[PDB]
Amino acid sequence: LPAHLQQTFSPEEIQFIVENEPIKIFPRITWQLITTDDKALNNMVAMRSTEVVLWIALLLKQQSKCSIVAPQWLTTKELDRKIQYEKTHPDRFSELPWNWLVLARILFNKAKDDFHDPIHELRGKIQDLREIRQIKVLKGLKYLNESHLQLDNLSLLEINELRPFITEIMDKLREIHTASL
Amino acid sequence: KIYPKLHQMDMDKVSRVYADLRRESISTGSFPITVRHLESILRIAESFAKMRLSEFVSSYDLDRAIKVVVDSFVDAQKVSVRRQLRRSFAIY
Amino acid sequence: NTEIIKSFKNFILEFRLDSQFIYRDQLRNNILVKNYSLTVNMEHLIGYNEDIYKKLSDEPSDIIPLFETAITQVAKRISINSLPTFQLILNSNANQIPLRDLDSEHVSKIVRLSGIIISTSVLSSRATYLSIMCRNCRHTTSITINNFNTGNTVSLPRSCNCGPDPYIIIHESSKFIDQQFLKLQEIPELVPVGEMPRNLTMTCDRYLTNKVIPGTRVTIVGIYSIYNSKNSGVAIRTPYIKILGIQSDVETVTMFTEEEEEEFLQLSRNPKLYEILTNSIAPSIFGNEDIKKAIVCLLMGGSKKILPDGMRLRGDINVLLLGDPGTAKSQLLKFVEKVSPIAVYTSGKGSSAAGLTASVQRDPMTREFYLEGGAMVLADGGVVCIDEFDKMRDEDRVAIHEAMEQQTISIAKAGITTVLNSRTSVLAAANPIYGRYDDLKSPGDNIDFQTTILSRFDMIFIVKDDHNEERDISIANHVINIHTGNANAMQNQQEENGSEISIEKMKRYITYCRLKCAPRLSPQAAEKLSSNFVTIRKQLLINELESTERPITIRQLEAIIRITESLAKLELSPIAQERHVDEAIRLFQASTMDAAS
Amino acid sequence: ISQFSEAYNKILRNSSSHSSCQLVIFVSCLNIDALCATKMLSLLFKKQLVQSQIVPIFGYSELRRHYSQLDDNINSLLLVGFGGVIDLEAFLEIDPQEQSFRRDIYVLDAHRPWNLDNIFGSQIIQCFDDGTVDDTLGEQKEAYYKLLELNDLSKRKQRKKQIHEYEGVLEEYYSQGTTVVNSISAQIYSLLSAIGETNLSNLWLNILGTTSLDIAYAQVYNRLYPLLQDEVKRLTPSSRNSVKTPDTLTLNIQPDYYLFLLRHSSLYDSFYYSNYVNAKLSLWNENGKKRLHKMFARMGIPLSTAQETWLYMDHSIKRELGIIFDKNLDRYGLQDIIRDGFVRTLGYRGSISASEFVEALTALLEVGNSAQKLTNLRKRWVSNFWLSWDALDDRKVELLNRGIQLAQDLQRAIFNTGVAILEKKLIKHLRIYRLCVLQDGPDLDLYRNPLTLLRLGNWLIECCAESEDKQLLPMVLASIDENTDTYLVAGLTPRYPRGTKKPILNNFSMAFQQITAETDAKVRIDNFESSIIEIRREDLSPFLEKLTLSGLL
Ligand SMILES: Nc1ncnc2c1ncn2[C@@H]1O[C@H](COP(=O)(O)OP(=O)(O)OP(=O)(O)O)[C@@H](O)[C@H]1O
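Chains as they are written, first to last, in the authors' numbering: chain B, 3 to 32, 50 to 200; chain 2, 773 to 864; chain 5, 24 to 103, 130 to 198, 201 to 211, 235 to 305, 319 to 339, 346 to 643, 647 to 693; chain E, 5 to 102, 114 to 165, 218 to 436, 462 to 591, 597 to 650.
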């Protein structure tokens, strides 16, 4: 019996989920491990790009034996066209890595060192897009009615925290109207 | 300027020496021993020390402090105090 | 000048103290609030830029507008009408300054200060924006007061023939703000010398207003300056000071943080939760725990029963400290005032200049009339400390007879007859006549003559100081330990460390509690008590069978009833316990004993 | 007597295990110099993810209460601060266990002389002598190789004289002032630098660790600035700002002062509670008091401005401050204040002097928290210990401010109680040495911490003698509150006014051993620190007479 949350996913859970996503890195390394579902790999070439699951990358990076690739989608200069595209589209939320919130929080824990001036940089940049995305949630949130929601593009993290909000809502709405029938 | 302070150690005697200064002093008159009255002895002591410029309470500072209070309380007594005089001798 | 804006905007954005930046958070935090406000940490500000702080400190008044007009900028970014300018409050705790010293040097200098307010003016408007038109040219214009130090700073421009200054006010289109006009006084403790304490008018605007109760101990910041006014010289201007920001010691304010409830819940769980407070009230004090205990029951506030009809139970009771000097009761109430969030210490006469009667006074200008105030009103809904209650002039002493029960004062003075509400809980410390022998006498023949004064009182205490050797030497040495090296004072740390109340938090605890629970007695407690006093009512009359003169009322029982919720309120329980009641009986029994003597 | 790396490499084969490991660092004990070296090492294994125990040992014999308590699977071991004097083969015994022994012990001590049993008889050791004093120190070679294995009556009598010759020689060594060589973290950092790792934190830690004993001379440390100064040269995060940056935001060299709580207090009291300022200016008295104010009259400083926070000092007051110092302080002999010692810069959270950074950590030691009570209280010091270890953490700075503030609370009573003592003239001049005792005072519990009177004594010894002619001397001190005349007695040594020509070491510590080898009634070596001892007032009086004579120095 979970008690809490328990219906919504924990942010610690969803990040625990996003850990499962594969990404390329630059190992210092040159048994097996067989593991289970990895399928990878032959002992990896030092200073070479290879796609691997996220949390394992945290491992060798935790020993600093590996160098994680920066997301191509993660370019602050590149990200402005999104906020550019976002600032000109009051409706659409544009495009998302879909895990990216936890990433940046996690990316800057350790892997921060790999990027060029991530410091004092995207954190603000990402933050602006974070709320401008978030603000557009509530602005469209006034439209909220049963039985349909066009949620479109949103980061699941905020989607998770918003879960208790609307899920508790429309059920009232759907109930009250349908009950009214 | 000068701010005298007692050391609790040797001051324990007064709490002991006062016990002589209440009940036996209570034995005559009504009482007239007061809780406040004891508080005075310290305000008494603080004076001579600054006069000594010691910055802290000394025994000699108390020596007057008690004696100042002893007969002071004594004179309040009736002529029967002449008998009350002889017991206070221990507090000298 | 310009573009210094973005530098704050940078600290508005560029700034992140790891792991999370603040003011940029605070803004959106205030956004949905529609708070239209920001509280700045200035001591934090220097941490960002060292230059702009003193660069701000040079002429802070002029860079005031450089903020809220800037804060809207990204706020407007985050808003994406109409959007009124936010109200910033910057604050610092670092070097506190005495009211005793205000140097003209400090003009246009921001200064954090502690203070004790006399009072504050009723709120009045200031128009942040206005539209104005030529009474002649039909020319359309608009003006704003974007910021100000009252000057008057601005007036109608005379350039529209047409003139002079044909432009005129339009209020409808104009937009407005408020000001409190606080009058603050220095802390009484220091350093008035023999001289009377200076008093000062502090300027509170918009959100600044209504933020502080009159008479409260407060810490405040703002700018020293001078206004010529007119209503001095040659060409001398009267002193005034801006308030920004005011971060006042909590409360010094019904709301509070959530985790506070929990730590109190930790206290509410304690079996000794009441008994520890028995020690907390008297760190320096020795004995008289019954009277000591009798303190707390009144501390939580009395029974308020408003259910129809308009008849309502009062609070909080009455108590008498009467006993020979060396009772330390006046010293006691001095602790009492410190313990009450709102209380008035009165030894009078009145205290200090305060009318023991809330009284009427005329307005100097424009004649008219107003309530001049009264101690009952000053402390209303709270603690009342009284000394020399026997030395009180009996005429306004009469007003006391009313103040305690009906708890509403009314005076016909001039044209204003209005009936004020007084919810205060009074306690009488007045010394008994002729020392010990009055106990050899009737219990009465002390207050006035009649005990009808006692009638309005509830728990009245007669201190019996007996000269017991061991009893004195205990507290006797306890006294010396109170002194240097303050051995007793160091004992509280381990009492603070392990259990014992800090008593300032406790005040917050009580204030928490006082507003929290509304305990209603269990049905069987009353019948336990109904069976109780009926004996006491019957028994004391058995003492009255000798025609012995001393006393009893049904109001005597009702007072006891308020003791039921008293400690029970400390328990926080919704209903009074059966077991809980009993201590009130034996405790009030100790009060009844005073009648027994 | 081995290179650190291979010794560290030696643990590597002994390291990784499941269940791990097994080795246990010993935190021993009170002195912070171990603390930095632990975390750097603590971080070292973090890099390798090496599991192990962390024990904040306090009692000198407490390790015996522990080593004799929990040792099971431990295949390897490292200790800190101890063993440089007394042998654990005697202390533990040991008992050679299985050549290719099952367990080995790294022994960290910066104090000399090393124990005779340390280097030779390599067992758990791994003698820690490397690389400081090898030396030689060729004297220990005759303490064994000559000693071992040791007409015929002539050759027999000839050997014994040679034996007594070496015994007579060996008798001097190991009987001698126990003194620290250098901050252990430095050599550990050398090993840290040996593996190639240099972390601005880690160097800061050396900067931190180096600072630990800085209150007591250097002495090598004076040349150890540059060793660190080279490092600040070895590392330049950028050529220029790059403002702030909001993150790193890193340390830089500054004109540091013996002035206390510089950034963290009003400059006025900053002089007032500064110990170096104390005796030089005779701060306790009213006479020299105004003279400092006279310096503000020289400095052109408003008295209230001295009352002002260091945060808000005018930029003029800032930039001209040292120049004001340049034009003033030298007149009073205050010219040796300014130090180029390094300062961390947290920007938004502010820059801090490691010296100042240290003192806050020092406040953690005594506060921020029958015979069982002392173990209970010593445990509280250990209970209070980790909270101080918590203060080692970087992100947690807010908690530091308590000690930051509490340190200010310390000297307030520190500067308070001591000066009170000054009025009574309680020093016993004696002849051989200056001597003192505290029979009474408020809050001796706070004085129960050795560092309390230690910072106090140092605040005293330099106060009582600047000099203050003639002949700077070791100080006597004792104090008592409760626990039946415990009377903690800590050793004290004279301070030169910036002119330590000689090591001069320690004497009484040997002399304290003289009485502990004597009737030794109520005297307690229970203190890990040789300079500090527990004694009953009842037996200390004769202990004093036994202390007065025979004087070893
Ligand atoms: N229970 C007690 N605890 C602590 N101090 C006490 C107690 N009883 C008496 N004293 C001491 O006796 C003195 C009484 O002085 P104080 O002025 O408080 O008397 P009082 O009872 O308030 O005067 P009055 O009776 O006129 O109201 C104080 O110094 C106080 O320390």
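Just so you know, even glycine gets a beta-carbon here, dropped at the ideal spot from N, CA and C.
Rounded to whole angstroms, the Cβ separation of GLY419 (chain 5) and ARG808 (chain 2) is 5 Å, and the two are in contact under 8 Å. In the three-state DSSP reduction, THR439 (chain 5) falls in the strand class (E or B).
For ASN514 (chain 5), the uninterrupted beta strand (DSSP E) segment begins and ends at 512-514. Listed along chain B are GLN81 and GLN82, each with a C-beta nearer than 8 Å to that of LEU53 (chain E). In terms of side-chain proximity, the C-beta atom of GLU811 (chain 2) is found nearer than 7 Å to a non-hydrogen atom of ligand 1. The three-state reading of DSSP puts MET469 (chain 5) in helix, counting H, G and I together.
In this structure the segment 484-493 of chain E does not lie against the segment 528-538 of chain E, because fewer than three pairs of beta carbons, one per stretch, are closer than 8 Å. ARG365 (chain E): member of the alpha helix (DSSP H) spanning 353-366, first to last residue. Within the same chain, and ignoring the five residues on either side of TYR339 (chain E) in sequence, the residues whose Cβ sits closer than 7 Å to its Cβ are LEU350.
Following the DSSP letters along the chain, one finds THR193 (chain 5) inside the beta strand (DSSP E) bounded by residues 189-193.
Chain-order list of chain B residues neighbouring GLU37 (chain 5): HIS139 and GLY143, by C-beta distance under 9 Å.
Secondary structure of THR275 (chain 5) (DSSP, three-state): strand.
Secondary structure at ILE410 (chain 5): coil, using DSSP grouped into helix, strand and coil.
Around ligand 1, the residues whose beta-carbon falls short of 7 Å from at least one of its heavy atoms are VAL807 (chain 2), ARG808 (chain 2), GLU811 (chain 2), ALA375 (chain 5), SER377 (chain 5), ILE378 (chain 5), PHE379 (chain 5), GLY380 (chain 5), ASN381 (chain 5), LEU414 (chain 5), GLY416 (chain 5), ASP417 (chain 5), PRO418 (chain 5), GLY419 (chain 5), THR420 (chain 5), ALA421 (chain 5), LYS422 (chain 5), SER423 (chain 5), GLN424 (chain 5), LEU425 (chain 5), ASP480 (chain 5), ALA522 (chain 5), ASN524 (chain 5), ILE568 (chain 5) and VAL572 (chain 5), given in chain order. Residue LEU479 (chain E) holds the alpha-carbon nearest to the alpha-carbon of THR429 (chain E) among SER418 (chain E), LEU479 (chain E) and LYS471 (chain E).
Counting only runs that start and end inside the segment 18-89 of chain E, the alpha helix (DSSP H) elements of at least 4 residues fall at 37-52 and 68-71. For the segment 148-168 of chain B, residues whose beta-carbon sits nearer than 7 Å to a beta-carbon of chain 5 comprise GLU150 and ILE154. The segment 675-682 of chain 5 makes contact with the segment 648-663 of chain 5, as at least three CB pairs between them are under 8 Å. Under the rule that a run must span 3 or more residues, the beta strand (DSSP E) segments found entirely inside the segment 470-546 of chain 5 read 476-479, 501-503, 512-514 and 518-521. Distances from the CA of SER627 (chain E) to each of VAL489 (chain E), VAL89 (chain E), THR372 (chain E) and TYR121 (chain E) were compared; the closest alpha carbon is that of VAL89 (chain E). Residue-level contact check: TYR790 (chain 2) touches chain 5, since one or more beta carbons of chain 5 fall below 8 Å from its beta carbon.
Distance from the CA atom of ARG858 (chain 2) to the CA atom of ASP782 (chain 2), rounded to whole angstroms, is 25 Å.
Between the segment 682-692 of chain 5 and the segment 6-21 of chain E there are fewer than three inter-stretch CB-CB distances shorter than 8 Å, so the stretches are not counted as touching.
Around the CB of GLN26 (chain E), 16 or more other CB atoms lie within 10 Å, so the residue is classed as buried. In this model, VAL160 (chain 5) and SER299 (chain 5) are separated by some 11 Å (Cα to Cα). In terms of beta-carbon proximity, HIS560 (chain 5) lines the interface with chain 2, with at least one pair separated by less than 8 Å. Per the DSSP secondary-structure output, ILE297 (chain 5) pairs in a beta bridge with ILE159 (chain 5). Chain 2 places a beta carbon closer than 8 Å to that of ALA512 (chain E), counting this residue as a contact. Chain B places no beta carbon closer than 8 Å to that of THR151 (chain E), leaving this residue out of the contacts. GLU461 (chain 5) sits exposed, since fewer than 16 C-beta atoms from the chains shown fall within 10 Å of its C-beta. Three or more beta-carbon pairs separated by less than 8 Å link the segment 831-851 of chain 2 to the segment 776-793 of chain 2, which places the two stretches in contact. Non-local beta-carbon contacts of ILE519 (chain E) in its own chain, meaning distances under 8 Å to residues more than five positions away in sequence, involve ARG526, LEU527, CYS528 and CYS556 in chain order. Of the candidates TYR281 (chain 5), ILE27 (chain 5), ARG362 (chain 5) and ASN524 (chain 5), the residue whose Cα lies closest to the Cα of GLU481 (chain 5) is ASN524 (chain 5).
By the Cβ neighbour-count rule, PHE357 (chain 5) is buried, with 16 or more other Cβ atoms within 10 Å of its own. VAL841 (chain 2) carries a helical assignment under DSSP once its states are collapsed to helix, strand and coil. If you draw a 10 Å sphere on the C-beta of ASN172 (chain B), you find fewer than 16 other C-beta atoms in it, and that means exposed.
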